[PDB]
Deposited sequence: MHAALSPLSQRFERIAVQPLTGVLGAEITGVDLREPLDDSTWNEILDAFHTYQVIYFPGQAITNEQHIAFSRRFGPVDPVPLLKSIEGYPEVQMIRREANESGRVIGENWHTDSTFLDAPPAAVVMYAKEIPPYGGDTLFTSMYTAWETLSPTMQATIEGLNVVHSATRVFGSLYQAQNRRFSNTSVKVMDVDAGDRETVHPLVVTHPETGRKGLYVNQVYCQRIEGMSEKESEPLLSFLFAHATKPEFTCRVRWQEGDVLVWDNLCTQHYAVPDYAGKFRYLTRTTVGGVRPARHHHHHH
C-alpha cells in the first residue's frame, strides 16, 4: 500500500526496506511516524541512509518504538548510558535468554570501511509460513528452553554471578505472535536455544537443527551493505541476523540503542 510521507524501497521480495525522504534530526509528525512504523512492521528491518544525528536524537527516535534502557553486557557511551557501542559468528537474535528480550534495536553507522562488514537478516515469519501445515501443527505447542550457557556460562567456560546468569534458563514459545502485527513467526535460534521443553537434548536436536537451517535459507534473507549515516532498525522478535565478519583489521564504528519488549507470547 501507498506511503505519501516517505519513500520505501524494498530490498528483497521477502524483507528489508530503504527509507528516504526523512530527516531524523527533526521530530516527526504523527502521520509520518505512522508510515515509518507501518514500514517497520511489513519489512521488519528498515534503514534510513544519509542521516546525521547526535546521541540525543538517536535516543529520541528509538523511543518512538518503545522504552529504551541501558543494556549492561555492553560498553555504553560517555554521558549517554542508553547508547551502546560496537567496534574494532552465528545466526541469532538478541538476548533470548531473558524473560523479556528486546523488541527492537536501532543501530547507527558512524565509521565504515569502503566494503566489508555486511549484516544479513531473515524473516522468521516467512520461516514459519513455509513449514507444512502438518509440521506447524506438530510444533505449534512446543516451548523452548533458552540460556546463555554457550556464550558466557559453564559451557563457554569449558572451551579447551557471571556464570550463574549465563547458565540461567528461561522458557519461550517455539512460535510467537508479534505483539503489534498479530503475525505468527518462528522463535528459535542456534546461540541460545538449548532444548525443547520437557524433551531431552537427543530428542530436541533433530528438530531444532532442522528449524535452524530452514529459517536461514537464502530466499528468506536480505543483506544490508552498511554506509556511514545509515540508521537501521530491526525487529528483535521476528528476525534473526548475522553480522558478517570479513573486514579483518578495517576499523568499523557503530552505535546502538536497545528497545524493550514484553515476554514473548503464543
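**Q** So which bits of the deposited sequence did not make it into the model?
**A** Seq positions lacking coordinates: 1-9, 98-107, 180-189, 296-301.
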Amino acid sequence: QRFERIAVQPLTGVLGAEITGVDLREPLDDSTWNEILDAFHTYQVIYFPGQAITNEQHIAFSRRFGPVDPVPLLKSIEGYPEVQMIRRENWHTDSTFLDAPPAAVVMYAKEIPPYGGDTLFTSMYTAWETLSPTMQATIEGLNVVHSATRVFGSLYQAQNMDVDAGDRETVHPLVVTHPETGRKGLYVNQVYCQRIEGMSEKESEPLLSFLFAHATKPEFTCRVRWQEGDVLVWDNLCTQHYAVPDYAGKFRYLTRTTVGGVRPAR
From here on, numbers count along this sequence of modelled residues.
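**Q** On mean Cα temperature factor in this entry, is 73-81 or 165-173 the higher one?
**A** Mean CA B-factor is higher for 73-81.
**Q** For the higher mean C-alpha B factor in the entry, choose 14-22 or 242-250.
**A** Higher of the two, by average CA B-factor, is 242-250.
**Q** Please pick out which of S31, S204, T216, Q44 has the largest Cα B-factor as recorded in the entry.
**A** When the deposited C-alpha B-factors of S31, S204, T216, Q44 are compared, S31 is largest.
**Q** From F97, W91, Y187, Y115, can you pick the one with the highest C-alpha B factor in the entry?
**A** In the PDB entry, the greatest C-alpha B-factor among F97, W91, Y187, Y115 is found at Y115.
**Q** Would you mind checking where the Cα B-factor of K110 ranks among the modelled residues of its chain, as the lowest, middle or highest third?
**A** As the PDB entry reports it, the C-alpha B-factor of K110 lands in the highest third of its chain.
**Q** Looking at the C-alpha B-factor of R63, is it in the lowest, middle or highest third of its chain?
**A** Highest third - that is where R63 ends up once the chain's C-alpha B-factors are sorted.
**Q** If you rank the chain by CA B-factor, which third does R87 end up in: lowest, middle or highest?
**A** Highest third - that is where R87 ends up once the chain's C-alpha B-factors are sorted.
**Q** By the record's CA B-factor, is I53 among the lowest, middle or highest third of residues in the chain?
**A** It belongs to the highest third of the chain when residues are ordered by C-alpha B-factor.
**Q** Using the B-factor values recorded in the entry, state whether the Cα atom of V144 falls in the lowest, middle or highest third among the modelled residues of its chain.
**A** Lowest third.
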